[PDB]
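J.:
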Amino acid sequence: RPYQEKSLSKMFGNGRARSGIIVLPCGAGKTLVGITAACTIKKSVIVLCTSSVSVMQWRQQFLXXXXXXXXXXXXXXXXXXXXXXXXXXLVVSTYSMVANXXXXXXXXXXXXXXXXXXXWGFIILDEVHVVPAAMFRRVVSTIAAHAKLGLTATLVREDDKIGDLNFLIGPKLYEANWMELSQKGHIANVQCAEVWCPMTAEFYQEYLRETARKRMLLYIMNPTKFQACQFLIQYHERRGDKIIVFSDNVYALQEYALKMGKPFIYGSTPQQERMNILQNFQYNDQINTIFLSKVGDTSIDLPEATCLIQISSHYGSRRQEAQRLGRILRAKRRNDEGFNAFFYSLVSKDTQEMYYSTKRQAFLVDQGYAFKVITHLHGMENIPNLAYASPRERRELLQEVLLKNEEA
DNA sequence: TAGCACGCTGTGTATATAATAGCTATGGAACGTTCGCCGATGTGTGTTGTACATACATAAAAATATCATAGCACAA
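For the first sequence, the deposited numbering assigns the number 770 to the last residue and increments by one with no breaks.
1. Looking at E537: is its Cβ nearer than 8 angstroms to the Cβ of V395?
2. Does DSSP put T393 in a helix, a strand or coil?
3. Please report the residue range of the beta strand (DSSP E) in which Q553 lies.
4. Which value, in whole angstroms, describes the spacing of the CA atoms of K576 and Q714?
5. Evaluate contact between the region 484–491 and the region 406–421, counting only Cβ atoms and requiring at least three cross-stretch pairs below 8 angstroms.
6. Sort out for me which residues DSSP pairs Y706 with in a bridge.
7. Within 10 Å of its beta-carbon, does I736 have 16 or more other beta-carbons around it, so buried, or fewer, so exposed?
8. Among residues of its own chain, excluding the 5 on either side of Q672, which ones have a beta-carbon nearer than 6 angstroms to its beta-carbon?
9. Below 8 angstroms on the Cβ atoms is my contact criterion, and I expect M742 with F593 to pass it. Report the Cβ-Cβ distance as a whole number of Å.
10. Which parts of the region 685–755 are runs of the beta strand (DSSP E), unbroken and 3 residues or longer, counting only runs that do not cross its ends?
11. Under the three-state reduction of DSSP, which class applies to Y536: helix, strand or coil?
12. Considering Cα atoms alone, identify which of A590, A550, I662, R363 is closest to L739.
13. Which residues in the same chain as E666 place their Cβ atom closer than 8 angstroms to its Cβ, once the five residues preceding and following it in sequence are excluded?
14. Would DSSP call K604 helix, strand or coil?
15. Select from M622, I627, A574 the residue whose C-alpha is nearest the C-alpha of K587.
16. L410 by DSSP, collapsed to three states: which one?
17. For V409, collect the residues of the same chain with a Cβ closer than 6 angstroms to its Cβ; drop the 5 residues on either side in sequence, then sort them by chain order.
18. From what residue to what residue does the alpha helix (DSSP H) around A614 run?
19. Please work out which residues of its chain come closer than 7 angstroms, Cβ to Cβ, to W540, disregarding the five sequence neighbours upstream and downstream, and give them in chain order.
20. Which residues mark the beginning and the end of the alpha helix (DSSP H) in which residue 776 is found?
21. Roughly how many angstroms separate the alpha carbons of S458 and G483, rounded to a whole number?
22. To which residues does DSSP link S455 through a beta bridge?
23. Could you compute how far the alpha carbon of residue 319 sits from the alpha carbon of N551?
24. Could you tell me which residues DSSP puts in a beta bridge with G382?
25. Terminal residues of the continuous alpha helix (DSSP H) containing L527?
26. Using the Cα positions of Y581 and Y566, report the straight-line distance between them to the nearest angstrom.
27. Assuming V612 and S544 are in contact, meaning their beta carbons sit under 8 angstroms apart, how far apart are those beta carbons, in whole angstroms?
28. Just confirm the distance between the C-beta atoms of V763 and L579, as a whole number of angstroms; I'd bet it's less than 8 angstroms.
29. Span of the beta strand (DSSP E) holding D659?
30. Roughly how many angstroms separate the alpha carbons of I524 and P625, rounded to a whole number?
31. Beta-carbon within less than 7 angstroms of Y677's beta-carbon, same chain only, minus the 5 sequence neighbours each way: which residues are those?
Right, here's the structure in full:
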C-alpha cells in the first residue's frame, strides 16, 4: 500500500536512532509495516498486545514472512513459553503479564530472562491510545531499545495524556487521512446520522426528576426510540442489509434484544454461545440483526452489516464509541461501486445524552467523515407492527420503567 | 371200551449231477431327526489413591466517572 511506503521512507531516510508513532486504519496493513521494519533491523522484536487473537495474527504475519518454529521466534504467554536466540527474534507479549505487581505463576522469570539477558532492539506497541496508564509507564520504564515504533489507529482522548506520548515513545511521524485512503481503497463511505425522536411528557418530567446514570434508564427506554428502532430495523431488512446494534448498557441491550427477538452477546456470557451466534451471523441469512455490547466489539469486528445503530451511550466515552465505530467502518472493505455505510444515533429531544453524542459527532468531523441530521424518515407512520405506539402500551412501559427505577 | 404198548408208515438225514425260475442278505450312498494338609508360587480383581483437563467464582488490574468535604469566595 502506497501510504505504507510513505511511512517506510522515514525509516529509509536516517536509518539509525528513530522513534515515532504511525497512524494507520485497522483494515490497513500496519503489521506488514512491522514485518518490513523487522526485516530492516533484524533483531529481537517484542510486540506488546492486549489479546491473544492479536498474538495469533502477528504469528500469522511471521508465517507470511519466514520461520516461526526454529529456536528464534519466541512466544510469551500465561500458557506456555518458547526459547529465543540473539541477532534475530520475533516475540509477542501481553501488557498484563509483563506489568503485574506480586502475583506470579512461575512465568515472570521467563519474561525477566528476555528483559534481563538484554535481547532487544525494536519495540512495537499495538494500540498506542491505551498507553496513557500507569502499567504502560512501568512497561516503558522496564524496557530500553535502539528503535521504537508505535502502531495505532486513533488517538482521541479527553484525559489530556495523549500529548505525553511525544516523549514517552516519540512524536507522531505520519498521520494518514482516512478520506484519501477511502479514495485509494473503498473502506465504506461513512454516513453519520442522528435520529431525533420526540420525547413523551411522563418520561420527560420523570427524566428531569432523575439524575446521574439512572436517568439513562429513562433516556433509552423511551417508546419513540422503540418505534424508530423497529422502523430502522424493518427498513434495513427491507433493503437487504444486516444490522448491528451497539449499547453501552447491558440492561438496555437485553431489553431491546428480547423485545426484538434477536441474539445478544453481553458480559458473563459463555464463549460457545458467542461463537454460535457469530457463525449464525456469518452463515445464516435469517439472522441479520445482532445486539453486541462492548465485549462483542472489542474482541472481534465483522466485515458484514452496513447498518450500525447506536442506542445506549455513556458520558465522556464518546471517543471510544467513535473508535469502535471506526473499527467497524474500516473492517468493511471490498471495493464496491456503492458501499454506503449508515450510522444512526437514536437520540431523544431535551435529554442530557444527545449533548455528548454531539461531541462524538465532533470527533467524527475531526476525522473528515460526513455528518447530517435526521429528524424522522417518512414511513414509520405506515408500520402497524410498532410497539409502544398506543397509550396503553406507553403507560405499561412507564410502569415498567418506574419499577426499574425502584429496583435501582 | 380207551389208555397203554407194539407194529407199521411216512419223513428227515447225507450225497453227485444237471436243469434254471425268483428271493434275498450285503455294502454303499443319501436325506430327515433330536441335540448341541502345609507350603510355595502365581493370578485377579474393585473401590479408590493418584492424577489430568475444563468451569467458575476470585484476585487483580485498569480504566473511568461522579458526589462530598475543606478551603476560599460570596450573599441574606
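Ideal Cβ placement from N, Cα and C applies to all residues, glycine included.
T.: According to the data block:
1. In the first sequence, the residue the question calls residue 537 occupies position 175. In the first sequence, the residue the question calls residue 395 occupies position 33. For the pair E537 and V395, the CB atoms are not nearer than the 8 angstroms cut-off.
2. Along the first sequence, read from residue 1 onward, the residue named residue 393 stands at position 31. Three-state result, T393: helix.
3. Here the question's residue 553 lines up with position 191 in the first sequence. 551–559 is the span of the beta strand (DSSP E), which, as asked, contains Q553.
4. The sequence position of residue 576 within the first sequence is 214, counting from 1. The sequence position of residue 714 within the first sequence is 352, counting from 1. Going by the C-alpha atoms only, they are around 12 angstroms apart.
5. Because the criterion of three Cβ pairs below 8 angstroms is met, the region 484–491 and the region 406–421 touch.
6. The count along the first sequence starts at 1 and reaches residue 706 at position 344. Paired residue(s): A555, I671.
7. Locating residue 736 in the first sequence gives position 374, counting from the first residue. If you draw a 10 Å sphere on the C-beta of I736, you find fewer than 16 other C-beta atoms in it, and that means exposed.
8. Looking up residue 672 in the first sequence gives position 310. In its chain, beyond the 5 residues on either side, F608, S707 have a beta carbon closer than 6 angstroms to the beta carbon of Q672.
9. Counted from its first residue, the first sequence places residue 742 at position 380. Counted from its first residue, the first sequence places residue 593 at position 231. The Cβ separation is near 4 angstroms, so the contact holds.
10. Runs found: 702–710, 732–736.
11. Counting from one through the first sequence, the residue named residue 536 turns up at place 174. Three-state result, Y536: strand.
12. Locating residue 739 in the first sequence gives position 377, where the first residue counts as 1. Per the Cα distances, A590.
13. Counting from one through the first sequence, the residue named residue 666 turns up at place 304. Excluding positions up to five away in sequence, the list reads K604, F643, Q644, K694.
14. Working through the first sequence from its first residue, we reach residue 604 at position 242. Of the three classes helix, strand and coil, the one that applies to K604 here is coil, per DSSP.
15. Translated into positions along the first sequence, residue 587 becomes position 225. Comparing Cα-Cα distances from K587 to each of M622, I627, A574, the minimum goes to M622.
16. For this step, residue 410 is matched to residue 48 along the first sequence. Note: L410 maps to strand in three-state DSSP.
17. If you number the first sequence from 1, residue 409 lands on position 47. The answer, listed in chain order, is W420, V454, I486.
18. As a first step, residue 614 must be located in the first sequence, where it is residue number 252. Where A614 is concerned, the enclosing alpha helix (DSSP H) stretches over 612–622.
19. Taking the first sequence and counting its residues from 1, the one referred to as residue 540 is at position 178. Excluding residues within five positions, the ones whose Cβ falls inside 7 angstroms are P387, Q729, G730.
20. A question about residue 776 goes unanswered here, because the residues of the chain that appear run from 363 up to 770.
21. Here the question's residue 458 lines up with position 96 in the first sequence. Here the question's residue 483 lines up with position 121 in the first sequence. Near 22 angstroms, if we compare the C-alpha coordinates of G483 and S458.
22. Sequence index remark: in the first sequence, residue 455 carries index 93 (1-based). The partner list for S455 (beta bridge, DSSP) reads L410.
23. With the chain represented from 363 up to 770, any question about residue 319 goes unanswered, as that position is not in the structure.
24. The residue you call residue 382 lines up with position 20 of the first sequence. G382 pairs with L511.
25. On the first sequence, position 165 is the one that residue 527 refers to. 527–530 is the span of the alpha helix (DSSP H), which, as asked, contains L527.
26. As a first step, residue 581 is located in the first sequence; it is residue number 219 there, counting from the start. As a first step, residue 566 is located in the first sequence; it is residue number 204 there, counting from the start. Straight-line Cα distance between these residues: approximately 9 angstroms.
27. As a position in the first sequence, residue 612 is number 250, starting the count at 1. As a position in the first sequence, residue 544 is number 182, starting the count at 1. No, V612 and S544 are not in contact; Cβ-Cβ is about 34 angstroms, not under 8 angstroms.
28. Here the question's residue 763 lines up with position 401 in the first sequence. Here the question's residue 579 lines up with position 217 in the first sequence. About 7 angstroms separates the CB atoms of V763 and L579; that is less than 8 angstroms, so the two are in contact.
29. Taking the first residue of the first sequence as position 1, residue 659 is located at position 297. Counting along the chain, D659 falls outside any beta strand (DSSP E), though it belongs to the alpha helix (DSSP H) covering 656–660.
30. Here residue 524 refers to the residue found at position 162 of the first sequence. Here residue 625 refers to the residue found at position 263 of the first sequence. Rounded to whole angstroms, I524 to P625 spans 37 angstroms at the Cα level.
31. Indexing the first sequence from 1 puts residue 677 at position 315. The residues are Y718.
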